[PDB]
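K.L.:
Below you'll find start26.txt; it's compact mmCIF, C-alpha atoms.
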```txt
# COMPACT_ATOMS: atom_id res chain seq x y z
CA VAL A 11 -53.84 93.68 105.04
CA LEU A 12 -51.88 92.76 102.00
CA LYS A 13 -48.74 91.04 103.17
CA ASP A 14 -47.14 93.42 100.77
CA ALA A 15 -48.22 96.68 102.44
CA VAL A 16 -47.39 95.23 105.86
CA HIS A 17 -43.83 94.67 104.70
CA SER A 18 -43.69 98.15 103.18
CA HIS A 19 -44.89 99.70 106.47
CA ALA A 20 -41.91 98.20 108.31
CA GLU A 21 -39.54 99.41 105.61
CA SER A 22 -41.14 102.87 105.98
CA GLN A 23 -40.63 102.87 109.76
CA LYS A 24 -36.93 102.21 109.20
CA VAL A 25 -36.62 104.89 106.50
CA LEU A 26 -38.45 107.31 108.80
CA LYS A 27 -35.98 106.98 111.66
CA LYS A 28 -33.06 107.23 109.20
CA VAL A 29 -34.42 110.48 107.72
CA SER A 30 -35.10 111.99 111.14
CA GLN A 31 -31.56 111.21 112.28
CA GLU A 32 -30.04 112.48 109.03
CA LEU A 33 -31.99 115.73 109.30
CA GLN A 34 -30.84 116.31 112.87
CA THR A 35 -27.20 115.47 112.10
CA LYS A 36 -27.28 117.82 109.07
CA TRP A 37 -28.77 120.59 111.19
CA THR A 38 -26.23 120.09 114.01
CA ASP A 39 -23.35 120.22 111.50
CA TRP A 40 -24.85 123.34 109.78
CA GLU A 41 -25.61 125.21 113.01
CA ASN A 42 -22.08 124.39 114.23
CA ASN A 43 -20.16 125.22 111.07
CA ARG A 44 -22.19 127.56 108.81
CA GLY A 45 -23.28 130.20 111.33
CA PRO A 46 -25.99 132.66 110.31
CA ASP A 47 -26.73 130.88 107.01
CA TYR A 48 -28.14 128.06 109.11
CA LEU A 49 -30.58 130.40 110.82
CA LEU A 50 -31.62 131.95 107.53
CA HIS A 51 -32.23 128.57 105.96
CA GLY A 52 -34.37 127.87 109.02
CA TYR A 53 -36.57 130.88 108.37
CA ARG A 54 -36.80 129.93 104.71
CA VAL A 55 -38.03 126.43 105.61
CA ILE A 56 -40.51 127.84 108.09
CA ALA A 57 -41.76 130.39 105.58
CA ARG A 58 -42.25 127.66 102.99
CA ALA A 59 -44.28 125.51 105.41
CA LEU A 60 -46.51 128.42 106.34
CA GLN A 61 -47.07 129.16 102.66
CA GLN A 62 -47.98 125.51 102.35
CA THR A 63 -50.77 125.72 104.91
CA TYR A 64 -51.81 129.02 103.37
CA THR A 65 -52.30 127.55 99.91
CA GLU A 66 -53.73 124.17 100.91
CA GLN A 67 -56.23 125.71 103.34
CA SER A 68 -57.05 128.32 100.68
CA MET A 69 -58.05 125.42 98.42
CA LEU A 70 -60.44 124.10 101.06
CA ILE A 71 -62.56 127.27 101.25
CA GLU A 72 -65.81 126.43 99.39
CA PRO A 79 -73.55 132.75 107.50
CA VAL A 80 -70.21 132.36 109.30
CA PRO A 81 -70.55 131.99 113.09
CA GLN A 82 -69.39 134.62 115.55
CA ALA A 83 -66.96 132.10 117.07
CA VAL A 84 -64.96 132.35 113.81
CA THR A 85 -64.65 136.14 114.12
CA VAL A 86 -63.58 135.67 117.74
CA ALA A 87 -60.98 133.12 116.65
CA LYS A 88 -59.59 135.49 113.99
CA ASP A 89 -59.33 138.24 116.59
CA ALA A 90 -57.59 135.86 119.00
CA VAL A 91 -54.93 134.92 116.43
CA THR A 92 -54.09 138.53 115.54
CA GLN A 93 -53.92 139.46 119.26
CA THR A 94 -51.70 136.46 120.08
CA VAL A 95 -49.38 136.86 117.08
CA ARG A 96 -49.00 140.50 118.11
CA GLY A 97 -48.01 139.30 121.60
CA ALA A 98 -45.55 136.75 120.18
CA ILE A 99 -43.77 139.36 118.09
CA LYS A 100 -43.79 141.93 120.92
CA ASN A 101 -42.24 139.43 123.36
CA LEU A 102 -39.55 138.66 120.80
CA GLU A 103 -38.63 142.06 119.32
CA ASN A 104 -39.84 144.76 121.75
CA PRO A 105 -39.86 143.35 125.28
CA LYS A 106 -41.06 145.23 128.35
CA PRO A 107 -38.61 147.45 130.25
CA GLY A 108 -36.77 144.98 132.45
CA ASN A 109 -37.32 141.88 130.28
CA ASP A 110 -35.16 140.27 127.65
CA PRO A 111 -36.24 139.17 124.17
CA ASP A 112 -38.23 135.94 124.44
CA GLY A 113 -39.10 133.76 121.46
CA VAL A 114 -41.08 130.86 122.90
CA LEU A 115 -44.51 132.40 122.20
CA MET A 116 -43.36 133.01 118.61
CA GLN A 117 -42.05 129.43 118.47
CA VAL A 118 -45.42 127.96 119.59
CA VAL A 119 -47.60 130.08 117.29
CA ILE A 120 -45.35 129.22 114.35
CA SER A 121 -45.69 125.56 115.29
CA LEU A 122 -49.45 126.10 115.29
CA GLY A 123 -49.48 127.77 111.88
CA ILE A 124 -47.46 124.90 110.41
CA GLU A 125 -48.79 121.83 112.24
CA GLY A 126 -52.32 122.83 113.30
CA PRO A 127 -54.22 121.82 110.14
CA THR A 128 -52.89 118.25 110.33
CA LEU A 129 -53.31 117.61 114.07
CA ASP A 130 -55.31 114.59 115.09
CA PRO A 131 -58.95 115.49 115.92
CA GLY A 132 -58.44 113.81 119.32
CA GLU A 133 -55.95 116.48 120.45
CA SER A 134 -57.25 119.88 121.50
CA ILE A 135 -55.57 123.06 120.34
CA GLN A 136 -55.18 123.98 124.02
CA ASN A 137 -53.30 120.74 124.68
CA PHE A 138 -51.16 121.33 121.58
CA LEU A 139 -50.27 124.85 122.75
CA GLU A 140 -49.41 123.72 126.29
CA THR A 141 -47.33 120.81 124.97
CA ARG A 142 -45.34 123.14 122.73
CA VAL A 143 -44.86 125.75 125.45
CA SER A 144 -43.30 122.88 127.39
CA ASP A 145 -41.29 121.74 124.33
CA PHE A 146 -39.71 125.16 123.80
CA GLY A 147 -38.61 125.35 127.47
CA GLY A 148 -41.38 127.83 128.37
CA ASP A 149 -42.22 126.33 131.77
CA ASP A 150 -39.07 127.99 133.18
CA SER A 151 -39.38 131.55 131.85
CA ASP A 152 -39.96 135.16 132.92
CA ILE A 153 -43.20 135.74 131.01
CA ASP A 154 -46.57 134.25 131.73
CA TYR A 155 -47.95 132.84 128.49
CA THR A 156 -51.11 131.74 130.30
CA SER A 157 -53.60 134.35 129.08
CA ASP A 158 -52.14 134.46 125.55
CA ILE A 159 -52.25 130.70 124.97
CA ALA A 160 -55.60 130.49 126.82
CA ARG A 161 -57.22 133.06 124.53
CA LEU A 162 -55.85 131.36 121.42
CA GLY A 163 -56.64 127.80 122.53
CA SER A 164 -60.20 128.43 123.69
CA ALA A 165 -61.19 130.45 120.60
CA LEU A 166 -59.77 127.88 118.20
CA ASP A 167 -61.16 124.85 120.05
CA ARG A 168 -64.63 126.43 120.12
CA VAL A 169 -64.48 126.64 116.34
CA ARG A 170 -62.85 123.20 115.97
CA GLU A 171 -65.62 121.50 118.01
CA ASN A 172 -68.65 123.40 116.74
CA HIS A 173 -67.73 123.71 113.03
CA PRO A 174 -64.41 122.12 112.00
CA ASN A 175 -65.26 122.83 108.36
CA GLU A 176 -64.78 126.55 109.24
CA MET A 177 -61.21 126.04 110.51
CA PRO A 178 -59.55 126.92 107.10
CA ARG A 179 -60.55 130.58 107.53
CA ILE A 180 -58.53 130.60 110.74
CA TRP A 181 -55.52 128.67 109.39
CA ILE A 182 -55.39 130.99 106.38
CA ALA A 183 -55.31 134.11 108.52
CA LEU A 184 -52.81 132.56 110.92
CA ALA A 185 -50.50 131.35 108.13
CA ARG A 186 -50.52 134.59 106.15
CA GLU A 187 -49.71 136.87 109.07
CA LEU A 188 -47.06 134.51 110.38
CA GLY A 189 -45.46 134.22 106.96
CA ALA A 190 -45.13 137.98 106.71
CA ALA A 191 -43.73 138.22 110.24
CA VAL A 192 -41.16 135.55 109.38
CA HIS A 193 -40.03 137.41 106.26
CA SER A 194 -39.67 140.73 108.09
CA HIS A 195 -37.72 139.04 110.88
CA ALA A 196 -35.50 137.15 108.45
CA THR A 197 -34.43 140.36 106.76
CA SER A 198 -33.46 141.85 110.14
CA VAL A 199 -31.28 138.84 110.91
CA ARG A 200 -29.88 138.97 107.40
CA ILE A 201 -28.96 142.62 107.59
CA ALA A 202 -27.44 142.07 111.02
CA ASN A 203 -25.06 139.56 109.42
CA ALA A 204 -24.02 141.61 106.37
CA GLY A 205 -20.79 140.29 104.84
CA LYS A 206 -21.39 136.69 105.97
CA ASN A 207 -24.56 135.75 104.05
CA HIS A 208 -24.34 133.06 101.33
CA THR A 209 -27.80 133.00 99.76
CA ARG A 210 -26.88 130.06 97.50
CA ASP A 211 -26.10 127.90 100.52
CA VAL A 212 -29.27 129.09 102.29
CA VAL A 213 -31.37 128.13 99.27
CA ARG A 214 -29.64 124.72 98.95
CA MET A 215 -29.96 123.98 102.66
CA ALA A 216 -33.62 124.99 102.65
CA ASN A 217 -34.36 122.73 99.68
CA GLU A 218 -32.63 119.69 101.32
CA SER A 219 -34.42 120.23 104.64
CA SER A 220 -37.77 120.76 103.00
CA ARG A 221 -37.69 117.64 100.82
CA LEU A 222 -36.71 115.47 103.82
CA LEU A 223 -39.37 117.09 106.05
CA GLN A 224 -42.11 116.72 103.41
CA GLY A 225 -41.27 113.05 102.98
CA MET A 226 -41.32 112.62 106.76
CA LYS A 227 -44.73 114.30 106.91
CA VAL A 228 -46.26 111.81 104.52
CA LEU A 229 -44.71 109.00 106.57
CA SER A 230 -45.69 110.23 110.05
CA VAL A 231 -47.25 113.59 110.88
CA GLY A 232 -46.30 113.33 114.56
CA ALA A 233 -42.68 112.47 113.78
CA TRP A 234 -42.55 115.35 111.30
CA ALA A 235 -43.99 117.71 113.93
CA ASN A 236 -41.35 116.68 116.48
CA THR A 237 -38.52 117.20 113.98
CA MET A 238 -40.05 120.60 113.03
CA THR A 239 -40.02 121.44 116.75
CA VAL A 240 -36.27 120.93 116.72
CA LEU A 241 -35.75 123.31 113.79
CA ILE A 242 -38.11 126.00 115.20
CA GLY A 243 -36.32 125.82 118.56
CA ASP A 244 -33.18 127.22 116.93
CA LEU A 245 -35.01 130.22 115.45
CA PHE A 246 -36.17 133.44 117.13
CA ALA A 247 -33.09 133.46 119.39
```
Let me see the file written as structure tokens.
P.N.:
Amino acid sequence: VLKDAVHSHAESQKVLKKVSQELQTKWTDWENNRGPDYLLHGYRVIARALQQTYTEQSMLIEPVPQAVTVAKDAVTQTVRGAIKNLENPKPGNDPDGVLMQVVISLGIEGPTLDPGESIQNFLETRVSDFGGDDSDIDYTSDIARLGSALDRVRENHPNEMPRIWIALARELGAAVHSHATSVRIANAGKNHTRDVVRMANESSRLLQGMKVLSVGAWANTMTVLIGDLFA
């Protein structure tokens, strides 16, 4: 390589760990001290990232196999399950957000995953990440249906994946907005929209920089933020 780029890669590795640590210290201070505003800034960042995959994947769109229609049906079914688990649980269960946390991770991170990792492996990894291995609900059939439908499309015709990301991102973005207003109204008298907007802009510029530097590092930091949302 150029000597020059090899030196810049090391400098980038150092900047990357500094930004990750600064993000997590900012978020721990904000969650600790700024209460509900922290959660609302979280939803704002998540909504922005979903809008990002919505627009970028919309740019990529240039007969369409049945596997695509099956994948679209699997994402609506699974997102429905995620929201039901979170906001209208069965009699005898408590609200559970991990399925929502994993499908949001998929909407945000899925388009930039390495081809070598299957969607099914991604989903299982993030169920583990969000503490879902010790839970009350079985996510097995939900994540199975999503993972198999999406991996069928990703193996047979990856160039068709945008149609799925688009539909996933759009629906999730709407669900986030609806849910954010519920949290916001629940905290009437304590909301500071100026601080939410500022916090969301700081977080987003640091996360976007991190994403250009290392998509896996960005995805792990995003996992931390998403873990604080959806109860």
K.L.:
Take atom CA of residue 243 of chain A and atom CA of residue 144 of chain A and report the distance between them in Å, one decimal.
P.N.:
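About the pair atom CA of residue 243 of chain A and atom CA of residue 144 of chain A: they are 11.6 Å apart.
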K.L.:
Leaving out residue 37 of chain A and any residue of its chain fewer than 6 positions from it, which residues lie within 9 Å of it when counting only C-alpha atoms, given as a list in words?
P.N.:
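Within the cut-off, the hits are residues 48, 219 and 241 of chain A.
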K.L.:
To one decimal in Å, tell me the separation between atom CA of residue 232 of chain A and atom CA of residue 126 of chain A.
P.N.:
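Those two atoms sit 11.3 Å apart.
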K.L.:
Please identify all polymer residues lying at most 10 Å from the point (-55.2, 123.7, 122.2) (file coordinates), using all atoms listed in the file, and present the result as a PyMOL selection string.
P.N.:
chain A and resi 122+126+133-142+159-167+170
K.L.:
Could you tell me how far atom CA of residue 197 of chain A lies from atom CA of residue 226 of chain A, in Å and to one decimal?
P.N.:
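Calculated distance between atom CA of residue 197 of chain A and atom CA of residue 226 of chain A is 28.6 Å.
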K.L.:
Report as a list in words all protein, DNA and RNA residues lying within 12 Å of residue 210 of chain A, evaluated on all atoms listed in the file, omitting residues in the same chain fewer than 6 positions from it.
P.N.:
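So, after excluding close chain neighbours, the residues are residues 47, 48, 50, 51, 216 and 217 of chain A.
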K.L.:
Tell me which protein, DNA and RNA residues are within 12 Å of residue 229 of chain A, counting all atoms listed in the file, leaving out same-chain ones fewer than 4 positions away, and put them as a JSON list (two decimals) with C-alpha atoms, keeping the file's coordinate frame.
P.N.:
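As a result, around31.json now contains:
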```json
[["chain", "number", "residue", "atom", "x", "y", "z"],
["A", 18, "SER", "CA", -43.69, 98.15, 103.18],
["A", 19, "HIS", "CA", -44.89, 99.70, 106.47],
["A", 20, "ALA", "CA", -41.91, 98.20, 108.31],
["A", 21, "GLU", "CA", -39.54, 99.41, 105.61],
["A", 22, "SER", "CA", -41.14, 102.87, 105.98],
["A", 23, "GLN", "CA", -40.63, 102.87, 109.76],
["A", 24, "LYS", "CA", -36.93, 102.21, 109.20],
["A", 25, "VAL", "CA", -36.62, 104.89, 106.50],
["A", 26, "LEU", "CA", -38.45, 107.31, 108.80],
["A", 27, "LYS", "CA", -35.98, 106.98, 111.66],
["A", 29, "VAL", "CA", -34.42, 110.48, 107.72],
["A", 30, "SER", "CA", -35.10, 111.99, 111.14],
["A", 222, "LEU", "CA", -36.71, 115.47, 103.82],
["A", 223, "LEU", "CA", -39.37, 117.09, 106.05],
["A", 224, "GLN", "CA", -42.11, 116.72, 103.41],
["A", 225, "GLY", "CA", -41.27, 113.05, 102.98],
["A", 233, "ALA", "CA", -42.68, 112.47, 113.78],
["A", 234, "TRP", "CA", -42.55, 115.35, 111.30],
["A", 235, "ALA", "CA", -43.99, 117.71, 113.93]]
```
